[PDB]
Amino acid sequence: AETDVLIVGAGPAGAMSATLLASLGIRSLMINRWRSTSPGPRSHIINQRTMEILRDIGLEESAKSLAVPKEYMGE
Amino acid sequence: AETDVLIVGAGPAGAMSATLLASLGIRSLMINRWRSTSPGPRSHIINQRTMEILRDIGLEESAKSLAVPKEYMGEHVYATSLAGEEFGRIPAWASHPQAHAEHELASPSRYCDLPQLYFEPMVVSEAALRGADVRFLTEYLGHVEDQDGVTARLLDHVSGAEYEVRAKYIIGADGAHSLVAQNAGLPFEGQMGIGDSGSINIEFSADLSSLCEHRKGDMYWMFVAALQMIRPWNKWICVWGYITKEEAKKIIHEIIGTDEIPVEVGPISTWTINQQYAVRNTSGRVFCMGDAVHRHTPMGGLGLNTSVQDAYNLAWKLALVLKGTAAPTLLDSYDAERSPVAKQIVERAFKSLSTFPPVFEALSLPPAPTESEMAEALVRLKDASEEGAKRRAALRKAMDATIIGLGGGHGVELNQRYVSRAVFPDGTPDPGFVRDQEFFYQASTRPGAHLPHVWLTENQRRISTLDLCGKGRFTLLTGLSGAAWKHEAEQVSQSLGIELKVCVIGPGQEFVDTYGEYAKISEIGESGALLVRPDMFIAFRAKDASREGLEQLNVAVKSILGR
Amino acid sequence: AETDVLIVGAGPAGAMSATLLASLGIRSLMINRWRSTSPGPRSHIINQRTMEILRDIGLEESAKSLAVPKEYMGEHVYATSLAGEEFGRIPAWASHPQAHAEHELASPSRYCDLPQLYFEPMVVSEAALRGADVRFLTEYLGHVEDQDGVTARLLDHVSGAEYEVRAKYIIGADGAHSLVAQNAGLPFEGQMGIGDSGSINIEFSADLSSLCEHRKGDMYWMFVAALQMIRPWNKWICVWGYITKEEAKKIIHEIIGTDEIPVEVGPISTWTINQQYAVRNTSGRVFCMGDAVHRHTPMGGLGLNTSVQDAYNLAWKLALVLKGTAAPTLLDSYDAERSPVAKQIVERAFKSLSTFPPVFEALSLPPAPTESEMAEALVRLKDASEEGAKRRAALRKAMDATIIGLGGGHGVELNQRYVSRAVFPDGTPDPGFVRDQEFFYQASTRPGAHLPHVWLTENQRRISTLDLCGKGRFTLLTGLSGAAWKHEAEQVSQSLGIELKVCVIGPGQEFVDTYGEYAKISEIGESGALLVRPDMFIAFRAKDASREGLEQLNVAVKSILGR
Amino acid sequence: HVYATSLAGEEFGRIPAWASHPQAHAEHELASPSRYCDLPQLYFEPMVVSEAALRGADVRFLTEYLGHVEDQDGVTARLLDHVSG
Ligand SMILES: Cc1cc2nc3c(=O)[nH]c(=O)nc-3n(C[C@H](O)[C@@H](O)[C@H](O)COP(=O)(O)OP(=O)(O)OC[C@H]3O[C@@H](n4cnc5c(N)ncnc54)[C@H](O)[C@@H]3O)c2cc1C
Ligand SMILES: Cc1cc2nc3c(=O)[nH]c(=O)nc-3n(C[C@H](O)[C@@H](O)[C@H](O)COP(=O)(O)OP(=O)(O)OC[C@H]3O[C@@H](n4cnc5c(N)ncnc54)[C@H](O)[C@@H]3O)c2cc1C
């Protein structure tokens, strides 16, 4: 097996790297020890830097559709 | 590599099977030749059967969040170009208020638009999280059955390795050129579908809100090319019957009928189908489903939906046999119940094509007009003569008849009628359909029919009869005077080691017949009982709670399970 | 003081009358005995005919802003108390999906809930701005007709002065004890409606959204007291059949079934009603409308809606005669067309009352049950026996039958059928009704029927056939092959001095038969014509554009105008 | 708030009117439970006049004040009634 970039892990950091790299034409292979994406919710707060990245790569609208908006989070 | 069920293919039928199986505790391994879920949207119409399945396995809300709702789908426009003049419209996807009432009455769920592009990763994701092993870049090469299982082989497109994966059953979910169906030796029929011409599909991005927002429609047809919404109203796809350069940008610009709004051409695809259906879908330990056994035209959006329902018929059955709760003969009902649906949709999807020629004939246009020939057609259409009046009426009659493949086929969608060893007949004759069975759904609680939807209440909140059932288990529905069913069901349940959940609907119970709609729909007295399979179909119906009525419960379950 | 029309009364019929007349250029003076528009909510159900009228005169969007929409009115709950246990619900105000379609198909408008408390000042204010003189604290004492007009005596409750007014016509919109109907000598029939019966109303404030938000309804009936939403869900009012001090707060608490949500007792009123109808509504120069000619129960909410429609029938007619465009015989059609509606609704509102007793008979209660008797009837209702099953079904049958006064009377609301000199017969016989004419609307384009609603498009935007008409003028509707109507209408208009707009609906026109629903609904060929009165009733129908067809328009309009 | 040549012409620029800038919006939201809205007098007027009448005020249009004369205990005004003359 050959590739330009081997990405070990498929959580947020690995998945994001893979998406960006593949968007740039770079061959990559992303691997994960387990069966699935993480079963637990684990981490829920999405700050503006991350939403900006999603916006740039075109996943913001889809992110917003699954996400509980800001006005539900205040109290 | 070992597993109970090897699932070849990870589109709607495979992904759905994996999710259902993993939900039932069954070890499975799902494979896919390619890198990803399908790149194209391909198939967008989600009928009520599919939404009900998503509802049962808990993905409906998430399905609804990504999906364009029903009220955006109604305006089907026939015109010259998007910014040109309309010939007229038909109310598509049951947007006519009467169609809409029939629609809402039939299910707790609704038409939506969700391209395959989003549906697949959604379901493949859940499959993997519920327990299914999922492995892409891996190709089924062949298999060998023997008395205890199968031992197919795989080509691993990442490591280059090739290995074997023993399994108790194989599901062939591998599409329009299913190698699993060939190997299993399934007979096909009805190849005659008119020359098997492909279509061409051009993706593109452009903001067409100003031409669309006021007549919200799922698709705009031009006289024939279909301009189809992917996202309202900026992502699109241009489609028509059948190489092309980035010249396709010109084609689009005339289909839009105005080269003013910026267009950004995406990928270009070709689809060429061969219309056929499998006469049988089962052979030994091999079970096929989806495009693998029913391949047809897009008219009606029956493919993805029937595919997913194939998977819903089969999973709970595999699970019972694998658990030993059911004899392996329960699996014979898969072919008996799903194969008639397979021929029904190929034939139906084909029959709809013939509703378009008449549109041209009304226009007095040859199977293929010229520019000047079309232009004259529109002039003749505004003719203030008695003959021009006859022509406008002829055009309207022809347009109206295209509804059958654009939302009008409700009966086709929902009127499943199962006859098999997994439906215990109640002795009544088939009541048939009072109205056209293609156009109109007729609810029935006779064994073999899907359970009818009605609203009950739980905590003064509306809940569907459907939401009482499913969950991969047999549910028995009765009323206060059918109190005895609770006990019979328990006895039956211990004997057979099979879970059946009983709901006594009535005043002061968990579930209340608050509108009386259940008493109205059930077709039997209050103390009657309906037995509902994991896939929502009724398999047994008792007309009361008398001795003989109750005694028959055990007999029925014992007959459904093959024991 | 001098005016063209004196309008005694400023509730719905009087106010609507003043608004329409001012919109038509007619000087009128509207008076009211009291200080301000009706203090109480006093009736809340707005039907579609009324919304159509508000649409025509441009107050619909405004009415919809203050009103509670249809989706909030459907859950009609029968229970012990709000916080107690439901007996069941029925789908009120056409909330069942089949009832909802039938509703949506009949009109561009919808049921809403708008208390008279708000409706009144909205219309009175528009009367004043459009040109009507409005004078409250002013009481009509009597009048004396002569050959040229009438001279009424008024008592000014601000200045104590008493003065006269000279007018050409009087409208008696002065309510259930109309002194204008007395002096005009109008005969009344049907006094027989039980012993005279009155109800009591207790306004109160309280946040009951926790018992109401999950089951949104216009009413909650407790077994009989009605709990009625004024504003969702904090302004309310108890109603029930018939002095009371702040003990009214114990009643309320008992109706709510809990004393845990803070309450605030407002005004306490009674209402009497002596059910009768006027057999004739016209005497010389005096015209009565509203409660003044039809007095009845609130079942069905036909009162305010019929009253407003009384005024819509009359206004354009007074205007045409006052302008000399029409002979005074045109006013004869007011009684011919509206008096049958008057008897119809008194009898209907009364007949609905007899749908309630059977609810109690099903519970095997008596006309009036004790607290023990009521708690025994609930126990019997939860009985797990065949005898109990029969009782639950008997209750459901009885409850369902009460729907006729709670949104089921679509036919009553819409099936007006006028026969008079202001409707020119077309030679066709009365086709009657295929289904029950009380429960179901049947659209018709035969002269004497309201113009049917369908959707055309203007600029690719939906517009109702109704929105092409009205505006206080005659409108003639035809299609492309009926182009000749344009000229024939011009000649009639010039000779008779009457405005009649022609609309040629069809491809390329200002109004397009986009869905073909006009061709479907018109009942005649494309070149046929429909003539629509200012009040939306069809007064003339030609089946084509032939010579004899065309020549008849003049005769028709002449005949309608009394000329 | 748009400054332009014509509605369908070309903007010179815009400014954030009626506290629409986010900082202006916060300052606004912090000062009161209420907000700016646009409601023409054409509608505001009949809404309040009608509430005056229902709450207890006597309301008399077509009636003109001509003058008055104050004394120690009250005032006596002369009105001209434009309906009755
Ligand atoms: C380009 C295109 C456009 C379409 N447009 C429409 C439309 O507009 N309307 C409509 O109603 N339908 C449309 N369809 C049909 C459609 O996508 C459905 O019928 C449905 O996807 C079929 O479900 P499956 O899940 O049964 O098929 P598939 O979606 O094809 O799933 C088959 C799976 O098996 C995999 N596979 C195949 N062979 C092997 C192998 N040897 N080893 C391992 N894996 C294998 C495939 O990669 C895939 O994962 C279109 C199809 C295509 C290709
Ligand atoms: C207390 C009460 C409760 C009601 N509750 C309901 C209900 O729950 N549901 C329902 O469907 N209907 C209900 N109604 C009936 C209802 O309000 C109407 O049918 C409608 O108001 C009648 O319209 P009018 O415009 O025809 O009647 P009115 O609204 O009564 O108009 C009569 C007008 O003339 C004025 N007037 C009377 N006499 C004179 C005079 N001599 N000189 C000058 N002015 C005069 C009156 O003040 C009033 O302004 C209720 C009525 C009342 C009184």
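Note on naming: letters A, B, ... go to the chains in the order of the sequence lines (proteins, then strands), and numbering restarts at 1 for each one. FYI, side chains are in, hydrogens and waters are out, and symmetry mates aren't considered; it's all heavy atoms of this structure. Whatever order the structure lists them in is the order used to number ligands and atoms, beginning at 1.
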Task: From B/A173, B/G290, B/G198 - option closest to atom 31 (O) of ligand 1 by heavy atom - done: B/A173
Open item on the list: Could you tell me, atom by atom, which parts of ligand 1 come under 4.0 Å of a heavy atom of B/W34?
Closed with: 47 (O)
Task: Shortest heavy-atom approach to atom 6 (C) of ligand 2 - which of C/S178, C/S43, C/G303 - done: C/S43
Task: For C/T138, the ligand 2 atoms whose distance to one of its heavy atoms is below 4.0 Å - done: 43 (C)
Task: With B/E164 via salt bridge (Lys or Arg N to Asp or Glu O under 4.0 Å) - residues at least two apart - done: none
TODO: Could you pull out, from B/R42, B/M299, B/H296, the option with a heavy atom nearest to atom 4 (C) of ligand 1?
DONE: B/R42
- [ ] Look at atom 39 (C) of ligand 1 and find which of B/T306, B/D174, B/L155 reaches it with the closest heavy atom.
- [x] B/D174
Task: Protein contact of atom 44 (N) of ligand 2 - nearest heavy atom, named by residue and atom, plus distance - done: C/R33 N, 3.2 Å
Open item on the list: Testing the 3.5 Å rule here: is there a donor-acceptor pair between the side chains of C/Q116 and C/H44?
Closed with: no
- [ ] Show which atoms of ligand 1 fall inside a sub-4.0 Å distance from at least one heavy-atom site of B/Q116.
- [x] 16 (C), 17 (O), 20 (C), 21 (O), 29 (O)
Open item on the list: Please report whether ligand 1 has a polar contact with B/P12, defined as an N or O pair separated by less than 3.5 Å (distance criterion only).
Closed with: yes
Task: Residues C/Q276 and C/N274: side-chain donor-acceptor under 3.5 angstrom - done: yes
TODO: For atom 34 (O) of ligand 1, grab the closest protein heavy atom and report residue, atom and distance to one decimal in Å.
DONE: B/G9 CA, 3.0 Å
Task: Nearest-contact summary for atom 15 (C) of ligand 2 - protein heavy atom, Å - done: C/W271 CZ2, 3.7 Å
Open item on the list: Evaluate B/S269 for polar contact with ligand 1, using N/O atom pairs at a separation under 3.5 Å.
Closed with: no
Open item on the list: Could you tell me, atom by atom, which parts of ligand 1 come under 4.0 Å of a heavy atom of B/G301?
Closed with: 11 (O)
Open item on the list: Please list, in number order, the atoms of ligand 1 under 4.0 Å from a heavy atom of B/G11.
Closed with: 25 (O), 31 (O), 49 (O)
Open item on the list: For atom 27 (O) of ligand 1, which of the options B/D291, B/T37, B/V308 provides the nearest non-hydrogen atom?
Closed with: B/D291
